[PDB]
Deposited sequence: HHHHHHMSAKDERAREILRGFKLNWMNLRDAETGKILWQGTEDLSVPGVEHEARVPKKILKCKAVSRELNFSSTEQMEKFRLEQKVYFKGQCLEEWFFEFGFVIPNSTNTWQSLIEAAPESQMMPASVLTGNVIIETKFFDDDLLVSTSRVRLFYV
């Protein structure tokens, strides 16, 4: 293959998403805790989160990942699909990743066009594109329910 395909596969085979917390950015209280690897591609993951998260002005997303491979510029492109059409796009950059390292990464998700939980629940899918700089490594998807 292009050998970039092989590098991308190398990075993916050595990557794990170990845990993720979603916090109310006002209090730090944990609204949702996940220990399963919801970055695995080729599946449609599901996350059931408390509907009150929709009333937080901001959510602090704190995750922990491991990577056997070095990355020059680990970053995410995330698309929020509502009823199959892109509603919002998020961009987050981690930067350099030491080979065989385990790293905690905090990002703030900030807010309007806010719809009720009954409308959003089961109709929101987050597509996450995992890049090292300009190299697309993987794409994973999670469907959100607001309970």
Spell out the unmodelled ranges of the deposited sequence for me, N- to C-terminal, numbering from the first residue.
-> 1 to 6, 118 to 120
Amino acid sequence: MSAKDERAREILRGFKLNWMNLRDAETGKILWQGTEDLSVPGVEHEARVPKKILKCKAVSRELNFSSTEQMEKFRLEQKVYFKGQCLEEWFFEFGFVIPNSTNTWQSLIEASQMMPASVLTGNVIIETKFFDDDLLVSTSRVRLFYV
From here on, numbers count along this sequence of modelled residues.
On mean C-alpha B-factor from the PDB entry, just flag whether 33 to 41 or 112 to 120 is the higher one.
-> 112 to 120
Which wins on mean Cα temperature factor, 97 to 105 or 79 to 87?
-> 79 to 87
Third of the chain, ranked by Cα B-factor, where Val142 sits = lowest
On the chain's distribution of Cα B-factors, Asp132 falls within the third called lowest
Just say lowest, middle or highest third for the CA B-factor of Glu62 relative to the other modelled residues in its chain.
-> lowest
